[PDB]
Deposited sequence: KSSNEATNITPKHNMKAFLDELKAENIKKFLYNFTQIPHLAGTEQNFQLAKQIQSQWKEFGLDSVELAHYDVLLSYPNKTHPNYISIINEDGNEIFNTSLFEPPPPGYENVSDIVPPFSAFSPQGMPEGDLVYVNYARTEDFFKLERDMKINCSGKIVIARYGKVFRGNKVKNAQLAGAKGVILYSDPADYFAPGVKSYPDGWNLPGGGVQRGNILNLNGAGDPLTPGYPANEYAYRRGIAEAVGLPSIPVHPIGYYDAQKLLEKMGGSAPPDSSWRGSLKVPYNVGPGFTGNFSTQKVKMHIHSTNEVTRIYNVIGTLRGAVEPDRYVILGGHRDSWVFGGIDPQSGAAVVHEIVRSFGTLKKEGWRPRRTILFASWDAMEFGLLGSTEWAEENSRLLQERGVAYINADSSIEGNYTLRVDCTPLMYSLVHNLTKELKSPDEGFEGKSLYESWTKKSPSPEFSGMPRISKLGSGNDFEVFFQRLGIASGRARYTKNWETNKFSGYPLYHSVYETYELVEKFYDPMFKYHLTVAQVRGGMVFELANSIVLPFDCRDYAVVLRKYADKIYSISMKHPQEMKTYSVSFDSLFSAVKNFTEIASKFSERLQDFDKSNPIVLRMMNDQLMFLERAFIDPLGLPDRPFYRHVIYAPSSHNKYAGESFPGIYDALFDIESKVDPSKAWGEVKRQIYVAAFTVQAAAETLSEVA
């Protein structure tokens, strides 16, 4: 028969391996001819696999590229202005790729041009708390200095934003072996570690969900009216460039001024990690000079959108999407995910060719220009927002399938917790020592929930991936899953480097492609259940549990300030009342969902609509403060780290560093305003689960 087991059994590790090889032989940088060619290939193959339609959706968006005849680099210059040390112009290419054309050299996408020259300040990971330590405790002023920061811990766009606000005139990002070289493992090509010449590419935008910098709110189509560069969203104001640790060692070794304040500031290089400013006495007249000549350029991008029409509810969409554009070869990022999507499409198409169709419509997406700011998914969702908000059931992301080989990682809305627990109990574990055991069992053992015994850890969705528009802007239930390591925001060692190749994966991560297969089963199984279950597989009671946990958490933060809560009458009573009400109403809804007349399709679809619109109810059309495209009131990307999720973000940001605000009455008034918005939104969402009339 045509059930989930038939779907799952059709998935093959050997097919995923073949597809991954096929997708990783040449670079597929967004906006380049080779990435358009791959888009056309995937369009062709998805049609052959059996989808009902497969179209390209193109947009013309702002991208950024180095100047091929005017290379980016950093120098140490002496008092005469001679450049006595230069950083590399390219990463040494890996074995057998030393003749591959069009490898983009390391750069920070969207850096402005400039040639700033000055003294170096070392800022650790350039986190908000690193800058607090420098300015408030150490009394070091970054104004007009070049800051050097190690990658890791937070999104690099937040590092650059923090450096700008500190007054820096340039930023140098580098990979420290403390964060990108695991002890006892060899550098690529002999292991999975970053060599000293390796460099992490990546954009440094602060888009806050806007998509293309020139067209916030609206798709970058053929008649779009663009902002000028000066009014564009999210662009950095100071030049930025990434380097590897051989080059970093040359810039850091001469540093003087203050000692590092403690050991959490010291990486693994044989240097003092002095904060500066500038170099020790003998070299005190030498300076650092950046030379950045990259250009921003409106460029065409192509999403591939495949449709498998539903038999019963064709106007309900379950979406499986992941990106296709890569920095270089994309051996892990994104092609390990794209190969998994390809095999899922192939498996669904096999069932379709035998006469089966899912209950609801499945959409498959191959997004472009993700690496330049989630641009392809966001423009597409801007174009199709009315269809998505009235018809969108769920979005399952499909970027990198592996970032390690230890255990499963899932991040998703609470609405999908039960779905994920149930699916993983039915899947086989691929782990050594768990032969014959469920994936649920291995996952729960290796990654225990911090809160509940016998349950696995499932994280909040953060951001930095293509689910952002669907979840935080539009309010469509979203999830992601991949295999992971036993630091989660720093990336694996070869992240966004030229060394991320097919060989990396086949030799060191997943030789038998069994972890890829497991991830294909999780992502595909989730899509299958969402698109085929008669009642949508969402449990509203799980949202009630987490809402109470988040309310306790935010209350606890506020309670660090008892005097102010007294003075300004700051009560969380309304939020706890709303959460209590949500808990009560969700319980009664669950009872009706279990008990309703199962022969009545209108009550069923009424109740499926209540399930589908529950995530939608947490959207506030006015957005969060100064972040209009982050509209979900329960979850937003952290204002300090785009990759991390923050709960009750409006209240969290109102409380953050409140003791430093010059007008406490105004600051605590804003805390109270955010408590009111959150209590109202939770009650309003609860009331969508009440009897409808």
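Several segments of the deposited sequence are absent from the coordinates, namely 1-11, 498-500.
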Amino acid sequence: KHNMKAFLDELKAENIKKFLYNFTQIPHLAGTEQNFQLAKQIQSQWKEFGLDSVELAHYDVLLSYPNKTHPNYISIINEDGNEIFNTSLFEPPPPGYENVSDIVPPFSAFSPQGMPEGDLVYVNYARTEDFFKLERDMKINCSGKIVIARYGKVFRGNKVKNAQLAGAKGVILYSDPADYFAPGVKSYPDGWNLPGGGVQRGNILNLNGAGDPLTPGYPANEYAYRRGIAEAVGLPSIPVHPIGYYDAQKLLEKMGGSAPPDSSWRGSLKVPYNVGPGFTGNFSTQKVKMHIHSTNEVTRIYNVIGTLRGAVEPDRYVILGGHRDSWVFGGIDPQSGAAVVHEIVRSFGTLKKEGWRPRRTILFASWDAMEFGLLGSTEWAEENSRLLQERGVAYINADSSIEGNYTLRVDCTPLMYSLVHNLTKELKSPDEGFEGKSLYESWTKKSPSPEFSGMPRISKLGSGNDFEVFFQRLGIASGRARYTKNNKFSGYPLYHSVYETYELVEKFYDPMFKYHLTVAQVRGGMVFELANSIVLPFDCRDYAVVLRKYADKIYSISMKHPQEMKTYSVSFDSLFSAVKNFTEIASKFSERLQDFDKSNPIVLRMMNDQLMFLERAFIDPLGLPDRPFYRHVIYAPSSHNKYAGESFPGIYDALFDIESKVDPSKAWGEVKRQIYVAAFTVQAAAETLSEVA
From here on, numbers count along this sequence of modelled residues.
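Take the two forms, superpose them, and find the largest set of C-alpha atoms that agree within 1.5 Å; that set is the rigid core.
Fitting each structure in 5 other deposited structures of this protein onto the rigid core and averaging C-alpha distances over structures and residues, 491-499 emerges as the more displaced of 214-222 and 491-499. In this crystal structure, the stretch out of 442-450 and 170-178 whose C-alpha atoms carry the higher mean B factor is 442-450.
In this entry, the higher average B-factor at the C-alpha atoms falls on 348-356, of the pair 477-485 and 348-356.
Highest C-alpha temperature factor among 386, 156, 145, 409 per the entry: 145. The PDB entry assigns the greatest CA B-factor among 574, 413, 249, 221 to 249. Residue-level temperature factors show residue 628 in the lowest third of its chain, judged at the C-alpha atom.
Sort the chain's modelled residues by C-alpha temperature factor and residue 45 lands in the middle third, per the entry. Looking at the C-alpha B-factors along this chain, the one for residue 639 belongs to the lowest third. In the deposited entry, the Cα temperature factor of residue 228 places it in the highest third of its chain's modelled residues. For residue 56, the recorded CA B-factor ranks within the middle third of the chain. Only modelled residues enter the ranking.
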